[PDB]
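Q: Structure for the following, please:
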Amino acid sequence: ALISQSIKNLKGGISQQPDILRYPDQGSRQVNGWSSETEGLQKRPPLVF
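A: Numbering: from 1, shown residues only. The relevant structure is shown in the block below.
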């Protein structure tokens, strides 16, 4: 009861495996994201004309 968890590094991208087998640092859908290391998940760099 009152179980809690926290993940300090979600830089693992996405994973199509069933969530039972998914690693804690893997999402289900990541679009326009940059899984930078040492700075966490970031929005992808802007597109300069």
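Q: hey, let's count contacts and neighbours off CA atoms from now on
A: Fine.
Q: Would you map the strands across the chain?
A: 33-36, 40-43 (DSSP state E).
Q: Select, out of these, the one closest to residue 3.
A: Set against residue 3 and scored by C-alpha to C-alpha, the strands of the chain come closest in strand 40-43, at 24.6 Å.
Q: how far does the closest one sit from the chain's center?
A: 8 Å (C-alpha atoms, centre = their mean, to the nearest Å).
Q: List the buried residues of it.
A: residue 41 (16 or more other C-alpha atoms under 10 Å).
Q: Adjacent strands (with direction) for that strand?
A: strand 33-36 (antiparallel) (DSSP bridges).
Q: May I see the buried residues of the strand it pairs with?
A: 34-35.
Q: Give me the contact list for it.
A: Strand 33-36 has contacts (C-alpha atoms under 8 Å, 6 or more residues apart in numbering) with 10-13, 41-45.
Q: Select, out of the strands of the chain, the one closest to residue 5.
A: It's strand 40-43; of the strands of the chain, that one is closest to residue 5 (C-alpha to C-alpha) at 17.7 Å.
Q: In this protein, which residue is most central in space?
A: residue 10 (3.9 Å; C-alpha atoms, centre = their mean).
Q: Who are the contact partners of it?
A: 24-27, 35, 40-41.
Q: Turn these into CSV, columns for distance to residue 1.
A: Formatted as CSV, the contacts of residue 10 follow (distance: C-alpha to C-alpha, whole Å):
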residue, distance to residue 1
24, 20
25, 23
26, 25
27, 25
35, 33
40, 30
41, 30
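Q: Closest one to residue 6 out of those residues, please.
A: So of these, ranked by how close each gets to residue 6 (C-alpha to C-alpha), first place is residue 24, at 9.2 Å.
Q: give the contact list for that closest one.
A: Counting by C-alpha under 8 Å, 6+ apart, residue 24 touches 7, 10.
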